[PDB]
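Here the structure comes first, spelled out in structure tokens, and everything after it is commentary.
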Ligand SMILES: NC(=[NH2+])c1ccc2[nH]c(-c3ccccc3O)nc2c1
Ligand SMILES: [Ca+2]
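Numbering (mature numbering (1 follows the signal peptide of the UniProt record, and there is no 0)), first residue to last: 7 to 229.
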């Protein structure tokens, strides 16, 4: 996250870190046994880490659970990142409390202008790298589809939305992929992609979760 602030330990209780020997993507806990992330974050041997603040120090509220199965969206296209969403089922259910809790899926899609909270352990610099050990947060608005397609001609589909600042300086970044975009207590986006990070007129692009609620609910019900 570039231009954000330190969230504070366990104030984003649904945030998870996907680990394969190291942190490589974020995710969101939607119920005690399922996590949603970005399809481009897929790999085998994923351990899901809940209740994390500093990912290099066991501070006491962590739950490390391995995934039993991963389901990448049937129409995921890795060249265009269209339908960049995946579900991960945990081998055992997590113990939910105030520091580890699930986030609700949306009943309606959010409109441009809505302010949301984006979080993650990704790079904090636009040029150069500095990965934080503790969770960073950014409050950003969803941009209109017109501004979004204007910033990324020929690359935005109905399954994506842009959120951020056209002026630059504040954005999610590498290492934040797969994480949450929460607006009014509902999970509306998944950090997906961007051109660089926090550059002027290049806002972040997010998977539009409201378009996958039926697929998520049906998949969970049968697996
Ligand atoms: N500017 C952004 N909003 C952004 C967000 C997540 C990203 N994730 C990545 C990324 C880069 C290389 C490999 C995997 C990634 O998720 N770039 C990213 C850029
Ligand atoms: Ca920790």
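From the three backbone atoms N, C-alpha and C, an ideal C-beta is built for every residue, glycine too.
Smallest Cα separation from residue i: which of the options?
i: residue 86; options: 164, 226, 139; result: 164
i: residue 55; options: 156, 177, 100; result: 100
i: residue 186; options: 14, 8, 12, 18; result: 18
i: residue 111; options: 173, 144, 148, 34; result: 34
i: residue 79; options: 170, 45, 162; result: 45
i: residue 48; options: 198, 105, 203, 140; result: 198
i: residue 90; options: 196, 158, 154, 136; result: 196
i: residue 12; options: 130, 209, 158, 30; result: 130
i: residue 169; options: 204, 72, 225; result: 204
i: residue 176; options: 158, 142, 184; result: 142
i: residue 118; options: 8, 82, 214; result: 214
i: residue 124; options: 28, 40, 183, 57; result: 183
i: residue 189; options: 155, 201, 120; result: 120
i: residue 207; options: 224, 154, 161; result: 154
i: residue 180; options: 193, 84, 191, 134; result: 134
i: residue 97; options: 53, 73, 114; result: 73
i: residue 200; options: 69, 64, 53, 132; result: 132
i: residue 104; options: 92, 68, 136, 88; result: 68
Taking C-beta to C-beta, are residue i and residue j nearer than 8 Å?
i: residue 10; j: residue 26; result: no
i: residue 116; j: residue 59; result: no
i: residue 178; j: residue 144; result: yes
i: residue 229; j: residue 94; result: no
i: residue 71; j: residue 29; result: no
i: residue 7; j: residue 128; result: yes
i: residue 172; j: residue 209; result: yes
i: residue 233; j: residue 226; result: Residue 233 is absent from the model: the chain starts at 7 and stops at 229.
i: residue 109; j: residue 24; result: no
i: residue 126; j: residue 32; result: yes
i: residue 216; j: residue 114; result: yes
i: residue 156; j: residue 102; result: no
In the DSSP assignment, what are the bridge partners of residue i?
i: residue 203; result: The partner list for residue 203 (beta bridge, DSSP) is empty, contrary to what the question assumes.
i: residue 75; result: 95
i: residue 226; result: Answer by DSSP bridge pairing: none, since residue 226 is not bridged.
i: residue 12; result: 142
i: residue 88; result: 83
i: residue 115; result: For residue 115, which the question treats as bridged, DSSP gives no partner whatsoever.
i: residue 127; result: Its beta-bridge partners do not exist; DSSP assigns none.
i: residue 169; result: 148, 210
i: residue 31; result: 24
i: residue 196; result: 186, 213
i: residue 122; result: 146
i: residue 161; result: According to DSSP, which records beta bridges pairwise, residue 161 is partnered with nothing at all.
i: residue 37; result: 40
i: residue 180; result: Beta-bridge pairing links residue 180 to no other residue.
i: residue 56; result: 69
i: residue 110; result: 192
Please confirm whether any heavy atom of ligand 4 lies closer than 7 Å to the CB of residue i.
i: residue 16; result: The model on display carries ligand 1 and ligand 2 but not ligand 4.
What is the C-beta distance between residue i and residue j, in whole angstroms, given that I count them as a contact (C-beta under 8 Å)?
i: residue 6; j: residue 212; result: Any property of residue 6 remains undetermined from this structure, which presents the chain solely from 7 to 229.
i: residue 222; j: residue 22; result: Actually they do not touch by this definition, with Cβ atoms about 16 Å apart.
i: residue 146; j: residue 122; result: 6 Å
Using 8 Å as the limit for Cβ to Cβ distance, is residue i near chain D?
i: residue 10; result: Here chain D cannot be found, since the structure has a single protein chain.
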